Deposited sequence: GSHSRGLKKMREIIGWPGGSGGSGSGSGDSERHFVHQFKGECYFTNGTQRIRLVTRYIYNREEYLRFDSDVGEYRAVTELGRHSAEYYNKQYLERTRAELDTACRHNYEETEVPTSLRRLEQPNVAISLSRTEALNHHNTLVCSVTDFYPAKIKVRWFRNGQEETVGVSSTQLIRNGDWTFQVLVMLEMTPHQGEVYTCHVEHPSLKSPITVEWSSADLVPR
């Protein structure tokens, strides 16, 4: 039960205000862990200057600011970094991301109301969901809304409201 971190490595140098630096480790999964991709970003302020990439297989300068940086990180961290696709990505997914995120199921609360009727689907997880009215036109839904507490919500405007979400055994309906 151990989630691991993607190491942001220290760089070298040579050659009063407010300044920012960011490091981003990113894993892109498909078919579970069939296809796994590891992108790494080093960012002064909002400028990504250096980047690792599974598909590339090595560090590459993104801007002039990371010009001599690519060489350095290769000479140094290319070893341990390329291996992080399994020590961090493939690991976290199969070991810590399944018993938690991928296992999280949250049932949606449905409720219709007259503002044009608004079908309110809320507090559901994951995001994958399909909703229909009982018609094709006169329909208009808001973009999927991330609440930021691991629950979503969406409001479809326009009588039964059919909702098919993974967290449910049988698609629930609400009449007006």
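**Student:** How would you list, in order, the spans of the deposited sequence that the model does not cover?
**Tutor:** Absent from the structure are positions 1 to 7, 23 to 30, 131 to 139, 159 to 163, 188 to 196, 215 to 222.
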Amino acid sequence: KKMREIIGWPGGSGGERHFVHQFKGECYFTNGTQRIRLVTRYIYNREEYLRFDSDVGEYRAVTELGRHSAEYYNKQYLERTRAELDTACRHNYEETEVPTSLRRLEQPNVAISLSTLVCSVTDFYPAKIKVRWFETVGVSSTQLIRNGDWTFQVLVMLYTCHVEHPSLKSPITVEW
From here on, numbers count along this sequence of modelled residues.
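We call the rigid core the largest set of C-alpha positions that still match within 1.5 Å between the two forms.
**Student:** Which stretch is less alike in 6 other deposited structures of this protein, 40 to 48 or 135 to 143, counting RMS CA distance after the rigid core is superposed?
**Tutor:** Clearly, after the core fit, the stretch farther away in 6 other deposited structures of this protein is 135 to 143.
**Student:** Averaging C-alpha B-factors over each stretch, which comes out higher, 33 to 41 or 137 to 145?
**Tutor:** The stretch with the larger average C-alpha B-factor is 137 to 145.
**Student:** On average, are the C-alpha B-factors higher in 162 to 170 or in 21 to 29?
**Tutor:** Mean C-alpha B-factor is greater for 162 to 170.
**Student:** Compare the CA B factors listed in the entry for 69, 122, 115, 63 and report the winner.
**Tutor:** 115 has the highest C-alpha B-factor of those listed.
**Student:** I'd like to know which of 91, 75, 104, 80 has the highest C-alpha temperature factor in the PDB entry.
**Tutor:** In the PDB entry, the greatest C-alpha B-factor among 91, 75, 104, 80 is found at 80.
**Student:** Hey, what third does residue 111 fall into on Cα B-factor, ranked over its chain?
**Tutor:** According to the entry, residue 111 has a C-alpha B-factor in the chain's middle third.
**Student:** Using the B-factor values recorded in the entry, state whether the Cα atom of residue 50 falls in the lowest, middle or highest third among the modelled residues of its chain.
**Tutor:** According to the entry, residue 50 has a C-alpha B-factor in the chain's lowest third.
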